[PDB]
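Before any comments, here is the structure.
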Number of protein chains: 4
Amino acid sequence: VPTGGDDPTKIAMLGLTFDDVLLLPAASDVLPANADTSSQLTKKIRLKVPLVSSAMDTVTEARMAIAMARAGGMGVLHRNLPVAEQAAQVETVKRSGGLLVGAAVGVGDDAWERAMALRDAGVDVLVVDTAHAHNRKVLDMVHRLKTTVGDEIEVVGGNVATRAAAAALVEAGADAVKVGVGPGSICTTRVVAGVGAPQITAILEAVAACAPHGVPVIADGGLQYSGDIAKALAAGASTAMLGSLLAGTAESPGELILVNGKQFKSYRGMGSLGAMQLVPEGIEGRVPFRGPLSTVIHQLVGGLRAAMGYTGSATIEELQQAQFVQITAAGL
Amino acid sequence: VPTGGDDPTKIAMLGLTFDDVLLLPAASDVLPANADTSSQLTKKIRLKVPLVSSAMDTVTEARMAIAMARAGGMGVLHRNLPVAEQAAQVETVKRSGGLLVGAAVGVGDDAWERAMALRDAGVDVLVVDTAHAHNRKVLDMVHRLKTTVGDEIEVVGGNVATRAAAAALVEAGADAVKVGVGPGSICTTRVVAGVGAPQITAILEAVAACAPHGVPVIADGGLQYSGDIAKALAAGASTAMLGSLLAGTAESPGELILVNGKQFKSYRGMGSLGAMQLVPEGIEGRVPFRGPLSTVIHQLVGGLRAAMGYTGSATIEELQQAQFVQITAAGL
Amino acid sequence: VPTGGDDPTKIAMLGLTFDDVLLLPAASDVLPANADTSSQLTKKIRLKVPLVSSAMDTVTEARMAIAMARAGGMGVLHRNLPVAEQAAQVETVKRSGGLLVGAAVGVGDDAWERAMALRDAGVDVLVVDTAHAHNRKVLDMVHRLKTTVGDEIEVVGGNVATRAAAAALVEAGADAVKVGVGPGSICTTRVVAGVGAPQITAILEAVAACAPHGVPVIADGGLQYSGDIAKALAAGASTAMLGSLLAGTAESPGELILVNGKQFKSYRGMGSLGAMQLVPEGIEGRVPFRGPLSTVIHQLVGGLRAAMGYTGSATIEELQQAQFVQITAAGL
Amino acid sequence: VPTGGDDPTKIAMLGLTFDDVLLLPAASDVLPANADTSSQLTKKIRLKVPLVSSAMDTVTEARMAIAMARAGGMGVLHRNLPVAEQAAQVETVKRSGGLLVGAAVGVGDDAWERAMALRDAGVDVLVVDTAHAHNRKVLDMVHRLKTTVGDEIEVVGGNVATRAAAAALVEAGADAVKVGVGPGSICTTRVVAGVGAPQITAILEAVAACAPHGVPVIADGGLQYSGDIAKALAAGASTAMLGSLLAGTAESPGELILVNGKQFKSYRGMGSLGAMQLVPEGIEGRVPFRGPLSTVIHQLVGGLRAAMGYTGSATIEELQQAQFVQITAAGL
Ligand SMILES: O=C(c1cccc([N+](=O)O)c1)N1CCN(S(=O)(=O)c2cccc3cnccc23)CC1
Ligand SMILES: O=C(c1cccc([N+](=O)O)c1)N1CCN(S(=O)(=O)c2cccc3cnccc23)CC1
Ligand SMILES: O=C(c1cccc([N+](=O)O)c1)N1CCN(S(=O)(=O)c2cccc3cnccc23)CC1
Ligand SMILES: O=C(c1cccc([N+](=O)O)c1)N1CCN(S(=O)(=O)c2cccc3cnccc23)CC1
Ligand SMILES: O=c1[nH]cnc2c1ncn2[C@@H]1O[C@H](COP(=O)(O)O)[C@@H](O)[C@H]1O
Ligand SMILES: O=c1[nH]cnc2c1ncn2[C@@H]1O[C@H](COP(=O)(O)O)[C@@H](O)[C@H]1O
Ligand SMILES: O=c1[nH]cnc2c1ncn2[C@@H]1O[C@H](COP(=O)(O)O)[C@@H](O)[C@H]1O
Ligand SMILES: O=c1[nH]cnc2c1ncn2[C@@H]1O[C@H](COP(=O)(O)O)[C@@H](O)[C@H]1O
């Protein structure tokens, strides 16, 4: 084996990230303004805009969830707070009209009661929210939720970064599979544990397991530009989950911070010291202040629409069939 | 597939940019001073120097077009101004002698009248000027122009980045095909839409469709050094279109700007906020002030002549047969 | 041959370093807190934590060796001091309880007497400590030690970076093989001599020679993050030797240094000018002050435990069977 | 073709530079101090140290040539001065004892008289000194010199970067072939003309043409570290020519320059504006002041000796058979 040892499977693939590829233009009759950006979040739920906000305490509470839903996407409420308060945030969202909302739950001992309280509050989507879903406890939670509340609530499981893990969630009854182990902007798992999977390859692999079963893939983490949304969807994802790109908005939790004459907001991993309060797998950082959510979503969707024009994609389902060119470090 | 999924066509190629390759020296009896730098701009029009200036409002108005023609190249007048004023710029150029001039038109509702006014003003070349020519409206415009004014005016279509798109323009009747989706120095399409094609590969692909039909390729965007002109032509282009490299010259529109004791000129994408005045796909920047055009062209052509000496290319047609070595990130 | 000449063996492999790969998550029933981190240092000696401190005069003297042993690892006492003083350091360690300790010896004329004095002092492990063990003098020293004191002392030989060199040490009777030629943070061998081997490939190759003979591999040099420990072990090493990562700790030799308001400690190669006091193959530098050893080891082991959770590795022997994905320069 | 077009020969190879490879250690009985560093400069001339100084006006005049010869290498006197003065520099060198010396000549109209004056002055080596030797005028000059003064003077031709060009010089009667088109530290040919060849690949290719005819290869340009000398020789070169590495020495022409509290010397390409006094293919820069030549050579040879120890190379001829590992951008 060219890279060492005698086992060709030891280094099992070459992982590509968003920056490694560009979408190729193709024959097009599609004007950006007329593209249909709707897409499946889950088997049953279709969003007008294929974007959901991260389940993080510096990204999504009620205000963000309301704004995301009004913009045609959805928020996933974070779970770093008492069950009663999270359920109260769900009720706050539902009191602003017929707005979709999701909420994260873990697999710990309080997870089941949390899930039931969220169900009682009218949640539309439960996200079984872990760093590594290829685990019996996570698969069992997904299955139990689907068998118990599955007729009224869509159940998302994650996160995964391999075909086999995606396949396991599908078998457990997941209504969507969330992909991303290691790619988050505030993630240190790659350096702390040495574990991860570049996101374009992770999506291609997860999609290979999920698409044949009609299960949508949510691309979660590592998206830094509007163009990355188009790349994620072209790799076969049905929606993208955004943390960093939304953390600087007015609607995210937290105050405005002024450093060196510039405006920022705090953005921190849920595995950071501050969020857990230990072996942290996230950092506490800041992102530039970006103004209203509605405006940020406009620009993100605008970039997606441009990509749909260039690739001749009238719908997100067509964009999922677009082709890439791999680029070098020289090219950017 | 090593990079993910089961479809070998999903990542369809490895795209190389100028920085990824160098021209190999070959046996030579050619002195740089004696090389013939002439080349086809279009099927009928041969330039003394294989260089044309970008159709941009910080690059080419009448003064630049006149200087480019006198230097042996050509200018393409930008279309970000009223039809009457663009036609007046054509007449200004033709009043400075028997100088070649081109002018850009779009495919919007005013495009046809603009084209006819330019024809009336004596324009030699019409450039159907879009970001993505693989589209029925663009192909129809190229065809209608060729069938209507084609005996007196050469019609260029662009831009493309794939073999199939180049082939479509050829079939529509293009007299030249302009290549470049995403590579411009001021371009943000790669990050906003996630779309693009590294330019050496784009030229190789377009040439594969155009050369067998005797249609010249204009390499447009991403050229940062005189050596890139030689690389573009060796990849099979017949001319290069330059924006950034010419924007700092005396003859470009705009004033001199002084920042930190150094001289610059403004250079902005036609898809920037300022040019359109929205989802911008270009930035507004600056380039170092470079002095007279004639002098910049001297240095650019000087580099091209050096490359022709090293590669044993007596003519541009011979340079189109030169070979490359691919280099690593370490090498530069 | 694509890279030049006609000999495919001239460039014999593509060498990967830690930064070139990530560990892939796999199905897991393993909680980080419950993983078994124990591993073979040598054929007979199993450590609770698979970490040993470098035999360097800015890393390991008695205080460090004691702290490493108490933390479940081991120290290798440096040999840049008189024989009597090194033996006295061994006795200091053994007087702090039943603590494992190793000590470095060379192959020069004083090496044999040094080894015997260390034996007399109660040393558990002798490390034949060279930059290049594929040499008759080094193999002879390993063999003579194993035949003379091998029943009471485990003998480590190093360093190697190739399969053949590892095989030679195995044949000579080594109880462990230490891998690393060129990768150390303070190493300049790569630039001074132009010699080296990227560490992931070096480990894969050495393991191919050592594992079939039941000889553990110690990965020595180039580890910069806790995640690199997991990568080294997954490549097949049984323990990791750390210099830079431990040099900033309270227990390392040397004083605290204050520069620009920040705390550091000196860290220098044993091939640096200062250590030898010539053609140096190491530099004299500094590392950030890190606090107590016990705390640094906690974080390092914490990262390893996280990796074991993600990869479903209940033991280090299972982690040695984990798989990698190769990443690009874009990905990190 | 993965990189574009339908012609697999268009991008003819992947070119590696020094930074792309490391030498692999191999079984060794060689101590650095006992390696034999002697090597053929030309078919007849063997140097004690395989190093020659560049024919540049900021590197080699009489003082440098004398010091290089005393150190066991050789200087090549630059030709940017009147014939009478260059010949006088040769006589100055020969008046310091039985010291080898070379001198550069071009192929212009004064080249033949220059060569004869140098012959009359007692020069040992004539270097036909061009940027591109694959040219009838250069091959003719090499041949005419070899047929006219070849019994008393060794004739070097250069520079080349391809197998075919090297083969042409061999056929013309060259006693050595000098390799390097584009790699020099002060070279801008790669950016001005877009022409070049990464040096490890260039050496491998030239050696494939030269070694079977017993013609030594001089690796000229791009060497930045002592380790690069070992890499160049292992790729099959017999000597290395150094510009930048020797330009900072006391013996080079030019004065000491003080900027920002640090000492430098001017170092400029022979294709720079200043040297020619136009389309320059070199820059005028500076290098850190390095002290006496003898000391710099000691360190360079020291690194080479280290490499010979690691690779088990008793002689330069053995080092020419050593193997490489290719490294990634991550590895350094
Ligand atoms: O009409 C569009 C547009 C937007 C989205 C999709 C689309 N399409 O065709 O499917 C078309 N635009 C107008 C202006 N351009 S541009 O930035 O100014 C520009 C001009 C010329 C050469 C380009 C080469 N590559 C990039 C962009 C270039 C981009 C946006
Ligand atoms: O005669 C030419 C010239 C120009 C253009 C083409 C050409 N040719 O041969 O086809 C020849 N020049 C004179 C001086 N050189 S140089 O920069 O000084 C220089 C000198 C020696 C080693 C070189 C190694 N690679 C790069 C350049 C080097 C370049 C320009
Ligand atoms: O439970 C664990 C843990 C630790 C070690 C091993 C392990 N396991 O499953 O085998 C699990 N953690 C809790 C929180 N996360 S996280 O950083 O906050 C985080 C959250 C969501 C998405 C992630 C995507 N990739 C990285 C980390 C992400 C990491 C640590
Ligand atoms: O004996 C030599 C030497 C020199 C040249 C050739 C040679 N040989 O064996 O063929 C041997 N040295 C003494 C000390 N080392 S070291 O820098 O301190 C050092 C120590 C331990 C681990 C190393 C891992 N890779 C690099 C160097 C390391 C290098 C120089
Ligand atoms: O602390 C952490 N470490 C690693 N990943 C995290 C952490 N917190 C959240 N994440 C994940 O990172 C995603 C956001 O990534 P981003 O959009 O690149 O900032 C989130 O949706 C999570 O999947
Ligand atoms: O706003 C923009 N976004 C992307 N491409 C542009 C824009 N404006 C002009 N271009 C193209 O970029 C070319 C100039 O590229 P440059 O020479 O690299 O600066 C122009 O000829 C256009 O093809
Ligand atoms: O001077 C030196 N040059 C090269 N390698 C050294 C030197 N001194 C120690 N080493 C090796 O570098 C290892 C530490 O590497 P680090 O953990 O990356 O800092 C040590 O265990 C040695 O194997
Ligand atoms: O102006 C120049 N442009 C390109 N190459 C040059 C020039 N002047 C000298 N050279 C070559 O560069 C070599 C020195 O390269 P260096 O050792 O990397 O600095 C010289 O021996 C020449 O072969």
Side-chain angles (χ1 to χ4, degrees), chain B residues 12-16 18 20-32 163 197-198 200-208 224-236 298-299 301-312 321-332, chain D residues 1-7 9-21 131-135 138-139 159-165 167-168 181-183 188-202 205 222 271 278-281 326-332:
Chain B
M13 267 191 308
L14 174 68
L16 303 186
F18 299 114
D20 286 302
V21 296
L22 290 169
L23 287 163
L24 286 166
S28 185
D29 211 40
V30 178
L31 294 175
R163 193 186 298 215
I200 286 287
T201 296
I203 293 161
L204 292 168
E205 283 295 292
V207 169
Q224 258 311 135
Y225 314 104
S226 55
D228 294 346
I229 298 164
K231 298 176 186 189
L233 301 177
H298 183 77
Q299 293 302 118
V301 171
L304 172 61
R305 288 185 173 279
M308 297 178 77
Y310 281 111
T311 58
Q321 302 305 322
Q323 292 179 289
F324 295 110
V325 55
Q326 177 177 353
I327 72 177
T328 66
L332 304 151
Chain D
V1 179
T3 50
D6 296 319
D7 178 8
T9 71
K10 188 66 165 178
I11 305 178
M13 267 191 308
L14 174 68
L16 303 186
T17 188
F18 299 114
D19 282 352
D20 286 302
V21 296
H132 184 220
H134 208 176
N135 163 273
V138 181
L139 303 170
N159 281 11
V160 306
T162 68
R163 193 186 298 215
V181 181
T188 58
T189 301
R190 290 182 188 210
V191 295
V192 170
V195 168
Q199 196 75 309
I200 286 287
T201 296
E205 283 295 292
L278 294 180
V279 183
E281 290 182 41
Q326 177 177 353
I327 72 177
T328 66
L332 304 151

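Below, chain A is the first sequence line, B the second, and so on; all start at residue 1. Worth knowing before you read on, the calculation uses all heavy atoms, side chains too, and leaves out hydrogens, waters and symmetry mates.
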Keeping the roles fixed (side chain from B:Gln323, backbone from D:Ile11), state whether a donor-acceptor pair exists under 3.5 Å. no

Go through the atoms of B:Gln224 and report whether side chain, backbone, both or neither lie under 4.5 Å from a heavy atom of chain D. neither

Pair count under 4.5 Å, heavy atoms only, with chain D: among B:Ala329, B:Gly15, B:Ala322, highest is B:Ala322

May I ask you to decide if D:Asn135's main-chain N or O and B:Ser28's side chain share a donor-acceptor pair within less than 3.5 Å? no

Can you see which heavy atom on B:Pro25 is nearest to which on D:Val181, and at what distance? CG-CG1, 3.9 Å

For the student: nearest non-hydrogen atoms of D:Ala193 and B:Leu23, plus distance: O-CD1, 4.2 Å

Contact between D:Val279 and B:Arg305 at the side-chain level, heavy atoms closer than 4.5 Å - yes or no? no

Taking every heavy atom of B:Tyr225 against every heavy atom of D:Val191, the minimum-distance pair comes out as CB-O, 3.4 Å

Rounded at 0.5 Å granularity, tell me how far NE2 in D:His134 sits from CG in B:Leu24. 12.5 Å

Would you indicate whether the side-chain heavy atoms of B:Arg163 and D:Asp6 approach each other to under 4.5 Å? yes

Heavy-atom contact with chain B under 4.5 Å, split by part of D:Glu281: side chain

Most heavy-atom pairs under 4.5 Å with chain D, out of B:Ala230, B:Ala208, B:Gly227, B:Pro32, belong to B:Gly227

Here the pair of heavy atoms bringing D:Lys10 nearest to B:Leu204 is CG-CD2, 4.1 Å

Which atoms of D:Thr162 approach chain B - backbone, side chain, both or neither, heavy atom under 4.5 Å: side chain

Do you know which of D:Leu16, D:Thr9, D:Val192 has the most heavy-atom pairs with chain B at a distance under 4.5 angstrom? D:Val192

For D:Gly4 and B:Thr201, which heavy atoms make the closest approach, and how far apart are they? CA-CG2, 4.2 Å

So for B:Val207, is it side chain, backbone, both, or neither that comes closer than 4.5 Å to the heavy atoms of chain D? neither

What part of D:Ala164 gets closer than 4.5 Å to chain B, counting heavy atoms only: side chain, backbone, both or neither? neither

Part of D:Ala202 lying under 4.5 Å from any heavy atom of chain B: neither

Residue among D:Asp20, D:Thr328, D:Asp19 satisfying side-chain contact (heavy atoms from CB on, under 4.5 Å) with B:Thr328: D:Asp20

Applying a strict 4.5 Å limit to non-hydrogen atoms, the region of B:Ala206 in contact with chain D is neither

Select one option (side chain, backbone, both, neither) describing which atoms of B:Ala12 are under 4.5 Å from chain D's heavy atoms. neither

Non-hydrogen atoms of chain D under 4.5 Å away: do they reach the side chain of B:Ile229, the backbone, both or neither? neither

Is D:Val160 in contact with chain B via its backbone, its side chain, both, or neither, using a 4.5 Å heavy-atom distance? neither

Could you look at D:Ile327 and say if it's the side chain, the backbone, both or neither that has a heavy atom under 4.5 Å from chain B? neither

